[PDB]
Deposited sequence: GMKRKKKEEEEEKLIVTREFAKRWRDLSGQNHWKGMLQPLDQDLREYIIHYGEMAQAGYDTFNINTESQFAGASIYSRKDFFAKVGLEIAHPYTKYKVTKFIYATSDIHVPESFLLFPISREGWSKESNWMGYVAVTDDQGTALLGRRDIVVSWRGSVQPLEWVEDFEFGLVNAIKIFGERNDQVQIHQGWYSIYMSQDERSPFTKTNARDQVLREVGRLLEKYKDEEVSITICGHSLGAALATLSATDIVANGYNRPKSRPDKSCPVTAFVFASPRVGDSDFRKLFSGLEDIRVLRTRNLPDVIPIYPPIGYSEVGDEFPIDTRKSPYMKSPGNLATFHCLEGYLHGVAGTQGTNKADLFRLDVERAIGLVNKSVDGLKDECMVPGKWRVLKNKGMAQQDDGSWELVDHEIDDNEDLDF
């Protein structure tokens, strides 16, 4: 019952005052909960460029959280995924952001995240009907976050015509491919439309929007949240007087825009952003000049974990499961604060996509992989690469 009673404070109503140093124990679990919904994006994203479905989702929407390990011992992850989101980019971006079959299912678009909503049981457990937008992040160079600023008037309107945004985040959020069934509408508007459907469906209940993302996903989650609140997409179409809170839990966030972006953000009453930042991770410094941060910061230091390989590197300091292990055991970032896991979070999760744990933990490095990389024996004895569950992504009946 504790999360339901306190959810507005846990979602940042008072900017997490009193809840960060030391870390509030409910908030410790709350942050990990939304970080898991961002990691689920990595766990479904096909990164095998030898596959024709590289850059698509492995799993379909149906029973999605059960398929990525978020049902067992996750009594609060009672969400239904209602829509997958796809993105493209008019400019060239790193393969860590858009990755393609070495040939394919698409030449220019990737699966870029999903929209989900609590079912009736999850709504009871969380205190409110929670709409989650989870933006997929970076896959395995700090020069990848290399971008000049661009004017964002097409997002924030003539009334905010001085706002500028990183050209890469802008391009992934806003670009379309008229020839594509996936990105003929851009990632932005796919999200806005589906969030609008859910807000209208649940217009008579208490509702929240929580947006999740790591690395690239953190930038998109920050941009998405600011867009939604600034343009009033956190109101049901038929109830323009009912605003719902929009909170982003973001991890290892690069910066998103300039000082005018920060100014716009600072005037929005209904938005809150908690940026969890690992002190040895350098990606939150980029880009290193010209940009402003927005939101509240929560620092951790995974070098204090006795489970993590020392010294770490760019990958291990950045990786999202490393972050969530840091949240799980952080007792502060001062030299005297001693790391201690205060939730039952399996350390082995750290090694999904890195060699991050000490060898004595006995967990193989970079272990996440489909059985046989997806190759599967068929009923006629043939062997086919079955690394993609079919899902037309049609609107669900509601």
Quiz item: What are the unmodelled segments when the structure is compared with the full deposited sequence, in sequence order?
Solution: 1-17, 121-122, 160-162
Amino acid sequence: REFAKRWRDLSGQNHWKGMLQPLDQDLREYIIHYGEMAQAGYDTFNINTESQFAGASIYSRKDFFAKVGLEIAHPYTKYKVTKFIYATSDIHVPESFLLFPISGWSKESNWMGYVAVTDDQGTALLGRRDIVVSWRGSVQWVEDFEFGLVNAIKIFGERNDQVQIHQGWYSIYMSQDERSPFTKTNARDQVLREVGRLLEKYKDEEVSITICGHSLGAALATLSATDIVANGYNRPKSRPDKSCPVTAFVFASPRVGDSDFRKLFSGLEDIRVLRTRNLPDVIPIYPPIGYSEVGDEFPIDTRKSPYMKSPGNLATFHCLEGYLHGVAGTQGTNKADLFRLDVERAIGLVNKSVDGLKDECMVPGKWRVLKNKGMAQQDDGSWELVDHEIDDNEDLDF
From here on, numbers count along this sequence of modelled residues.
Quiz item: Averaging C-alpha B-factors over each stretch, which comes out higher, 27-35 or 334-342?
Solution: 334-342
Practice problem: Return whichever of 357-365 and 343-351 has the greater mean Cα B factor according to the PDB record. | Solution: 357-365
Self-check item: Which of 280, 168, 299, 236 ranks first by CA B-factor in the deposited coordinates
Solution: 236
Self-check item: Among 310, 208, 224, 186 - the residue whose C-alpha B-factor is largest in the record
Solution: 310
Quiz item: Split the chain's modelled residues into thirds by Cα B-factor; is residue 139 in the lowest, middle or highest one?
Solution: highest
Quiz prompt | Assigned third (lowest, middle, highest) for the C-alpha B factor of residue 249 | solution = lowest
Exercise. Could you say whether, by C-alpha temperature factor, residue 293 belongs to the lowest, middle or highest third of its chain?
Key: highest
Practice problem: Ordered by C-alpha B-factor within the chain, which third holds residue 148? Give me lowest, middle or highest, please. | Solution: highest
Practice problem: Classify residue 46 as lowest, middle or highest third according to the C-alpha B-factor given in the PDB entry, relative to its own chain. | Solution: lowest
